[PDB]
Structures are given as C-alpha cells and as structure tokens.
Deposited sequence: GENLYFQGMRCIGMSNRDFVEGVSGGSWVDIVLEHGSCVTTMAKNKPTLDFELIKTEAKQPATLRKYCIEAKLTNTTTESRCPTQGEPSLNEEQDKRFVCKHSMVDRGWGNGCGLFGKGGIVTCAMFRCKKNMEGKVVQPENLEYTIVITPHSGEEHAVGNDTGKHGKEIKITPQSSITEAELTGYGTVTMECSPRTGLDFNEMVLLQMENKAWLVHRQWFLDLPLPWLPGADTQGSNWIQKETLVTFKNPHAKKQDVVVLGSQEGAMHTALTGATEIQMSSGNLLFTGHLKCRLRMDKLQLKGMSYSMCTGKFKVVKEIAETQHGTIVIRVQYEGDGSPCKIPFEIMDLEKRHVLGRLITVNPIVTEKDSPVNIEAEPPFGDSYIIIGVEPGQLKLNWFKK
C-alpha cells in the first residue's frame, strides 16, 4: 500500500552503499529479488529486474506438423517409352513421386512389362511450428527503480528498458532528479533453439531441431508454400497401371508434445519469449537529491496508524498519520538509547514527510539491537515508543 513496500516484503533484498562520494556503486539484479541503495543526503532507492524478453528473434526454420492434399494427378507410360512427367512437378506446392508399375495389353500398352509412372498432389500446410534463435545481444531487460519513500498512495516506480547494446541510462525520478546506471548481462544460445508450437515454446537443442523428420521452410520464407521434405508427411501407395493413391499422415502435434517431454519450457507473451535474466549494474547518484527541503518540521501530533511491523531484514515499518496542520511538512523522527542521550540506528526511509494530513505515511527504520526509543514528532504529544530488537 506504499512506495517501497514491495522490496521490504521480499526475502531476497540486498542493502548497498558506496564507500566514496560521487563514485559508482555496483549492484546485482535477479528476478524475484531487490536491491536497496542508500547514500548520505540522498534518497533511498529500490531496484528490481522485473522482465527479460527477446524481441523479434530470428526464425531459423518453420516446420509443417499438419497438412492436407488436393489435386492428386497421375501420369504413366508404357514399357520402353521413357519417364512420364507432369507440369505440377515444377510447381513447388506439389509433392510428387516417380515409380515403376506393371503395364500390358489390359491397360493400353502393346507390350507387357514395367512402365514409368508419376503422381503429384498439392501439399497444403494447415498447422506449423517455429524454431527461433534469440540473439543474447538484443534481449531487453526491464528494471523498476522505486523511490523508497514510504509514500502511501499514481506513484508508480520508474520503469526503464535496456539491452546489452544500450549506452549509460539517465533515469529521471520525479522530484529527486536523475540516477545514472549501466548494466551488463551474465547466459544460456549458441546451440539451443526456441521451438514455438502453438502459443507455447520450449528450449531445445539446435541439431535435434534441425534433424526433425518434417517438412520445412527456411526462416527467411514469407511465402510459406514451397515446403522442403514434403514426403515426410506423405505416403504414396503402391501404384496401379493408370492411378495411384497418396495419403497424408495425421497431425504430428501430439507427437511433438510427446517428443518435448522434459525440454525446458519457456514462457512467452504477446509473441515474445520471456527469460529470467541476470544483471550486474553500476549506478551513480550525484544527480539525485532529497525531496522537500523547502518544507519545515511538523510540530503537530502523529498517531501510529497500526501495529508496528518487523521485517525480514532487521528493520521495522511504522505507519503514522499526521493529525496536526501545516503539511506538506517534514516528519520529525529519531532513534535513541533509553536515556535519550545518543542517537542510534538509522532510517531506511530517509527524510520522511507528510504530503496530506490524514494520509498515513509508512516509515522503515533500523533500530539498533537491544532497547531503543523511537521519537516521532516533537511535543506537545511527542511519541516515545519503546523498542526491543532481537
């Protein structure tokens, strides 16, 4: 329900901070996890790689897995008369076969013996599958950069898309400025094809795919009718003197789904193949800044909206609601020891602020181990919450 909550709720969360000022900071991004970066006088940010997809990957080959036959035509000649022929033998849409068959007086020949026969039938694919080769060089990674403000709320994180060919990115964070970052991959395709059957896909070996006993068309083909190896889905029956039957095998979808048992299934959407990527990025924050210095410190009362929550990362989330007047105002907040002499711990949700009165704000803080005082606001009615961190 608030900005930064998603990363707080993740079990795989790294906290990164640079040892220099104005220098680069390295982070590692994986699907399902997030990174929280922090720096002196700079807003805390959350980074998450949310998607890795191949766009318009090149089609290696199209395979026909279901076909129909029409236009069956047969031509045969008498013994000693040579090889018969049909024009259709030139038409790439037809599958043809030359054979020899017994001929004689009973079927128009003056001599008993074997004659040449040829039969053709128009081949029409009714269903095909595709083998694609994804170029690692062009995978597109989507990273979401969320200002860790604890702003309950319209306030969606900054989404950026990059490829390994992209140049340094300058992402703007509304109100904070811009953060610069560069990323590089870290793989799977020199050798695996991605077979797409209807709207599922599978990770398969190159040679296995190229050896499939099915009719095919090279990727470049847009015509899709001059199938190669049509005979793989066709059976020419034994010929008779003047005619011969040709039968097409049935759909091989089921045969494929079966041959695809154990193959790594690849998810996909809108025709694009999705993968789970791995990124290593460097980021610089010299162009970021805190939001709201123009504001002054709240001097109203806050009320802890709910039960203070403990996170999986040694921090706590305190949901407070401003009941005073004078907001947007800065939320007074400090963690100290039992005597309120020294300052202990630190905020993860840096520079907390109330945008609207009675719209509770969530604050993530890191109390020191043991006992401490969470001092929220300033008196009259200053909050003094006892906290024990185990």
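**Asked** According to the record, which stretches of the deposited sequence lack C-alpha coordinates?
**Response** Absent from the structure are positions 1-4, 158-163, 197, 200.
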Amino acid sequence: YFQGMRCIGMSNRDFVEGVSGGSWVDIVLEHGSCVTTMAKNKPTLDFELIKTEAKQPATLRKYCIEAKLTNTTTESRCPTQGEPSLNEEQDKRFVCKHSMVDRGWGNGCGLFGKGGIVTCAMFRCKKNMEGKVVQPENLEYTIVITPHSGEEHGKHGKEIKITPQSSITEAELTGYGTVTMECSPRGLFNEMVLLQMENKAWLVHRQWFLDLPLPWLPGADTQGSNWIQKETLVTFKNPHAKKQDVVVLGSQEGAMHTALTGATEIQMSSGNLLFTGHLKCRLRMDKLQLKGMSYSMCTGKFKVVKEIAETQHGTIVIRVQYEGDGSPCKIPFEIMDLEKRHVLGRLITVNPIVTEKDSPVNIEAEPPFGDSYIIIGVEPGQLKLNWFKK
From here on, numbers count along this sequence of modelled residues.
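Determine, for stretches 347-355 and 38-46, which one has the higher mean CA B-factor as deposited. On average, C-alpha B-factors are higher across 347-355.
- request: Name the higher of the two by mean Cα B-factor in the PDB entry, 363-371 versus 15-23.
  value: Of 15-23 and 363-371, the stretch with the higher C-alpha B-factor average is 15-23.
**Q.** Among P239, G224, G277, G104 - the residue whose C-alpha B-factor is largest in the record
**A.** The listed residue with the largest C-alpha B-factor is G224.
Highest Cα temperature factor in the entry, among the options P215, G292, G108, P79: which one is it? Largest recorded C-alpha B-factor: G292.
Test of reading the entry: by CA B factor among the chain's modelled residues, which third contains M297? As the PDB entry reports it, the C-alpha B-factor of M297 lands in the highest third of its chain.
#### Entry: B-factor third for the C-alpha atom of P147 within its chain
Bottom third by C-alpha B-factor.
Is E172 in the lowest, middle or highest third of its chain when residues are ranked by C-alpha B-factor?
It falls in the bottom third of the chain.
Chain thirds of CA B-factor: placement of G250: Middle third, going by the recorded CA B-factors of the chain.
Review point. Can you tell me which third, lowest, middle or highest, the CA B-factor of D325 falls into for its chain?
Key: Tercile = highest for this residue's CA B-factor.
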